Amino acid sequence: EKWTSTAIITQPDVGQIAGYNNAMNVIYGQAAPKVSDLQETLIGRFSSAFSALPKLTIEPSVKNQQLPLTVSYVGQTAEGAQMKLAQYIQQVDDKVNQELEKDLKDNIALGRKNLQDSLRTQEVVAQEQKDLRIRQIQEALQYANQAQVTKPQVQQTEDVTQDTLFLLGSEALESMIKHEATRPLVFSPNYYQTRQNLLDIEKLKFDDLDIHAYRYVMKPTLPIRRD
């Protein structure tokens, strides 16, 4: 005795995908895939996983149309065939959800690393620049004292450079040395952006986003008669 249960599935909705898509935009920004590309990626991952299970069937519902897909199972009873089809759909859904959990955490790790490497480099540079400028201020103070330049001798600010700092006068130069510790670090234009981007990536968690690789057009049927 043979009973066939049928279901029609298609790509998941933007609502079902919103969390993964948001996570992808937080990690990749403009380089993140379009919502429609993610939908196609997921139903493809689901279809390929179903096809490699390896009696069930997976075929396009309309000839020459990629979507939707008709899934079928031949059981011993109408209730069993329906049950087993829904179970196999859930089983595939979970395998795809697991391979999505891995890929996202790998992308988060790649994201975190590149951003921490970028911040570290910019921090080292900003400190080395502060350190050099301090040595330059220390050197300029010796020149200002020799030359008896106590008050600033600046007419145009452009005149003041890393090599003409003594023009600021020994009084202000001493103050700059005395107050070195509280002199702020100056970072490359994107530092703060990079640091905020990293904070937002750390806020991501797969458990928050309940992602689905498919959507039901028609749930598994209860066959009225046998084949």
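Each residue number is its position in the shown sequence, starting from 1.
Asks: In this entry, is the chain continuous from residue 184 to residue 185, or are deposited residues missing in between (none, 1 to 3, 4 to 9, 10 or more)?
Replies: Gap between residue 184 and residue 185: none.
Asks: May I ask you to compare 167-175 and 26-34 by their mean CA B factor in the entry and name the higher one?
Replies: Comparing 167-175 with 26-34, the higher mean C-alpha B-factor belongs to 26-34.
Asks: If you average the CA temperature factors over each stretch, which comes out higher, 147-155 or 95-103?
Replies: Comparing 147-155 with 95-103, the higher average CA B-factor belongs to 95-103.
Asks: If I read the C-alpha B-factors straight from the PDB entry, which of 141, 71, 83, 134 is highest?
Replies: The listed residue with the largest C-alpha B-factor is 83.
Asks: Considering only modelled residues of the same chain, in which third does the CA B-factor of residue 201 rank: lowest, middle or highest?
Replies: Its C-alpha B-factor, which the entry lists for residue 201, ranks in the middle third among residues of this chain.
Asks: Going by the recorded CA B-factors, say which third of the chain residue 64 sits in, lowest, middle or highest.
Replies: Answer is highest: the recorded C-alpha B-factor places it there.
Asks: Taking the entry's C-alpha B-factors for this chain, is residue 128 in the lowest, middle or highest third?
Replies: It falls in the bottom third of the chain.
Asks: Of the three thirds of its chain by CA temperature factor, lowest, middle or highest, which one includes residue 194?
Replies: Lowest third - that is where residue 194 ends up once the chain's C-alpha B-factors are sorted.
Asks: Taking the values exactly as deposited, rank residue 161 by C-alpha B-factor within its chain and report the matching third: lowest, middle or highest.
Replies: Residue 161: CA B-factor falls in the lowest third of its chain.
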